[PDB]
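Student: Take a look at protein-v7.cif, mmCIF, C-alpha atoms:
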data_target
#
loop_
_atom_site.group_PDB
_atom_site.id
_atom_site.type_symbol
_atom_site.label_atom_id
_atom_site.label_comp_id
_atom_site.auth_asym_id
_atom_site.auth_seq_id
_atom_site.Cartn_x
_atom_site.Cartn_y
_atom_site.Cartn_z
ATOM 1 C CA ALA C 1 -24.955 -83.872 108.605
ATOM 2 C CA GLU C 2 -28.243 -85.517 109.222
ATOM 3 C CA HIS C 3 -29.979 -87.651 111.743
ATOM 4 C CA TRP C 4 -32.857 -89.887 111.170
ATOM 5 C CA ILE C 5 -35.574 -90.734 113.572
ATOM 6 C CA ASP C 6 -38.288 -93.342 113.518
ATOM 7 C CA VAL C 7 -41.201 -91.579 115.304
ATOM 8 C CA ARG C 8 -43.707 -94.461 115.447
ATOM 9 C CA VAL C 9 -44.183 -97.385 117.842
ATOM 10 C CA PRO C 10 -41.256 -99.905 118.013
ATOM 11 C CA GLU C 11 -43.550 -102.354 116.229
ATOM 12 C CA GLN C 12 -42.416 -101.130 112.840
ATOM 13 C CA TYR C 13 -38.781 -100.927 114.030
ATOM 14 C CA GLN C 14 -38.817 -104.638 114.924
ATOM 15 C CA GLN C 15 -39.595 -105.721 111.370
ATOM 16 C CA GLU C 16 -37.542 -103.073 109.605
ATOM 17 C CA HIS C 17 -36.227 -99.551 110.151
ATOM 18 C CA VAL C 18 -34.201 -97.176 108.057
ATOM 19 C CA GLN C 19 -30.565 -98.021 108.726
ATOM 20 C CA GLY C 20 -29.304 -95.261 111.040
ATOM 21 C CA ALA C 21 -32.642 -94.240 112.467
ATOM 22 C CA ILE C 22 -33.448 -94.456 116.184
ATOM 23 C CA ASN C 23 -36.930 -95.188 117.571
ATOM 24 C CA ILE C 24 -38.230 -92.045 119.341
ATOM 25 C CA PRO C 25 -42.071 -92.299 119.225
ATOM 26 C CA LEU C 26 -44.282 -89.275 118.431
ATOM 27 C CA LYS C 27 -45.467 -89.140 122.044
ATOM 28 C CA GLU C 28 -42.003 -88.570 123.359
ATOM 29 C CA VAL C 29 -40.114 -86.913 120.461
ATOM 30 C CA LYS C 30 -40.748 -83.509 122.043
ATOM 31 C CA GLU C 31 -38.348 -84.254 124.915
ATOM 32 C CA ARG C 32 -36.082 -86.905 123.506
ATOM 33 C CA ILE C 33 -35.022 -84.912 120.499
ATOM 34 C CA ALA C 34 -32.755 -82.926 122.881
ATOM 35 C CA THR C 35 -30.753 -86.082 123.722
ATOM 36 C CA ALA C 36 -30.890 -87.515 120.164
ATOM 37 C CA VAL C 37 -29.855 -84.296 118.350
ATOM 38 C CA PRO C 38 -28.493 -81.706 120.844
ATOM 39 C CA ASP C 39 -27.837 -79.181 118.040
ATOM 40 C CA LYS C 40 -31.244 -78.374 116.577
ATOM 41 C CA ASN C 41 -29.607 -76.703 113.577
ATOM 42 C CA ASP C 42 -28.499 -80.165 112.427
ATOM 43 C CA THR C 43 -30.703 -81.775 109.771
ATOM 44 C CA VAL C 44 -33.309 -84.150 111.239
ATOM 45 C CA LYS C 45 -35.329 -86.440 108.946
ATOM 46 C CA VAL C 46 -38.383 -88.017 110.549
ATOM 47 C CA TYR C 47 -40.422 -90.876 109.059
ATOM 48 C CA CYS C 48 -43.005 -93.407 110.245
ATOM 49 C CA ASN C 49 -45.109 -96.228 108.793
ATOM 50 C CA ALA C 50 -47.634 -93.910 107.087
ATOM 51 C CA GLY C 51 -45.847 -90.529 106.697
ATOM 52 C CA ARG C 52 -48.523 -88.770 108.687
ATOM 53 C CA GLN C 53 -47.099 -89.234 112.192
ATOM 54 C CA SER C 54 -43.703 -88.029 110.988
ATOM 55 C CA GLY C 55 -45.615 -85.012 109.629
ATOM 56 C CA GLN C 56 -46.921 -84.485 113.201
ATOM 57 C CA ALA C 57 -43.459 -84.975 114.695
ATOM 58 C CA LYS C 58 -42.128 -82.388 112.217
ATOM 59 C CA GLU C 59 -44.690 -79.867 113.544
ATOM 60 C CA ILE C 60 -43.765 -80.706 117.151
ATOM 61 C CA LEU C 61 -40.109 -80.160 116.326
ATOM 62 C CA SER C 62 -40.900 -76.914 114.432
ATOM 63 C CA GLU C 63 -42.574 -75.711 117.648
ATOM 64 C CA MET C 64 -39.428 -76.728 119.610
ATOM 65 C CA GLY C 65 -37.560 -74.292 117.280
ATOM 66 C CA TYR C 66 -35.762 -76.596 114.884
ATOM 67 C CA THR C 67 -34.310 -75.191 111.854
ATOM 68 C CA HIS C 68 -33.772 -78.219 109.571
ATOM 69 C CA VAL C 69 -36.363 -80.825 110.298
ATOM 70 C CA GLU C 70 -37.994 -82.567 107.424
ATOM 71 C CA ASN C 71 -40.644 -85.204 107.080
ATOM 72 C CA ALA C 72 -38.960 -87.667 104.693
ATOM 73 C CA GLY C 73 -42.298 -89.454 104.062
ATOM 74 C CA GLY C 74 -43.400 -92.900 105.193
ATOM 75 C CA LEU C 75 -41.146 -95.984 105.708
ATOM 76 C CA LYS C 76 -42.170 -97.102 102.249
ATOM 77 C CA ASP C 77 -41.066 -93.960 100.593
ATOM 78 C CA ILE C 78 -37.589 -93.739 102.128
ATOM 79 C CA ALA C 79 -35.268 -95.453 99.660
ATOM 80 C CA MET C 80 -32.396 -96.002 102.097
ATOM 81 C CA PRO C 81 -31.144 -99.402 103.287
ATOM 82 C CA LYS C 82 -33.235 -100.955 106.058
ATOM 83 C CA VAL C 83 -32.441 -103.409 108.843
ATOM 84 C CA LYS C 84 -34.552 -105.285 111.360
ATOM 85 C CA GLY C 85 -34.744 -104.718 115.031
#
Produce structure tokens that represent the structure in this file.
Tutor:
Amino acid sequence: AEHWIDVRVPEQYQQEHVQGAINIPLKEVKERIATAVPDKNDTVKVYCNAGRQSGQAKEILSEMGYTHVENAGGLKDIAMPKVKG
């Protein structure tokens, strides 16, 4: 399966977020991933407004010992349905 995580400020989430993502900012992803995705073998796709901060979150998660994290890109790149906050 997969889980999707918005890793930026809620400010993007308010206007639109990938349908099925949860806002877990970069600053906090390190701890909150454990409650969002208790099985770190599950696929985790991170994205943010500019793709970069999801890149950083991916590195944080890789340090936390994830096996299937991926930076999807930036919010613009993900071609899933989106919804507002």
Student: Looking at only C-alpha atoms, which of C:52, C:59, C:64, C:18 is the one that sits closest to residue 32 in chain C?
Tutor: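 Result for the nearest residue to residue 32 in chain C: C:64.
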Student: Between C:29, C:77, C:11, C:69, which is the closest to residue 41 in chain C once you count all atoms listed in the file?
Tutor: C:69
Student: In Å, how far is it from CA of residue 3 in chain C to CA of residue 15 in chain C?
Tutor: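 Atom-to-atom, CA of residue 3 in chain C to CA of residue 15 in chain C, that is 20.5 Å.
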Student: So which residues touch residue 39 in chain C within 12 Å, counting only C-alpha atoms, skipping near sequence neighbours fewer than 5 positions away, as an MDAnalysis selection string?
Tutor: chainID C and resid 1:3 33:34 44 64:69
Student: One decimal, in Å: what's the spacing between CA of residue 9 in chain C and CA of residue 47 in chain C?
Tutor: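 These two atoms are separated by 11.6 Å.
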Student: Residues picked by the PyMOL selection byres ((chain C and resi 23) around 6) here, as a list in words?
Tutor: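 Selected by the PyMOL selection byres ((chain C and resi 23) around 6) in this file: residues 6, 22 and 24 of chain C.
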Student: Can you tell me, as a list in words, what residues are no more than 8 Å from residue 8 in chain C when counting only C-alpha atoms, ignoring any on the same chain fewer than 5 positions away?
Tutor: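 These residues fall inside the cut-off: residues 23, 24, 25, 26, 48, 49, 53 and 54 of chain C.
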Student: Go through C:20, C:10, C:38, C:73 and flag the residue nearest residue 57 in chain C, using only C-alpha atoms for the distances.
Tutor: C:73
Student: Using only C-alpha atoms, which residues sit within 8 Å of residue 85 in chain C once same-chain residues fewer than 3 positions away are excluded, as a list in words?
Tutor: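 Contacts, with the query itself left out: residues 13, 14, 15, 16 and 17 of chain C.
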Student: Which one of C:42, C:31, C:19, C:5 sits closest to residue 71 in chain C if you count all atoms listed in the file?
Tutor: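 Among C:42, C:31, C:19, C:5, it is C:5 that comes nearest to residue 71 in chain C.
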Student: Considering only C-alpha atoms, can you say which of C:83, C:72, C:21, C:78 comes closest to residue 45 in chain C?
Tutor: C:72
Student: For residue 60 in chain C, which of C:76, C:84, C:40, C:30 is the closest residue, counting only C-alpha atoms?
Tutor: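 Of all the options, C:30 lies closest to residue 60 in chain C.
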Student: Tell me, in Å to one decimal, how far CA of residue 46 in chain C is from CA of residue 58 in chain C.
Tutor: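 CA of residue 46 in chain C sits 7.0 Å away from CA of residue 58 in chain C.
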Student: Centre and edge lengths of an axis-aligned box around all listed atoms of range 14-32 of chain C, with 3 Å added on each side, are to be given in Å to one decimal, as lines of an AutoDock Vina configuration file.
Tutor:
center_x = -37.4
center_y = -94.6
center_z = 116.5
size_x = 22.2
size_y = 28.2
size_z = 22.9
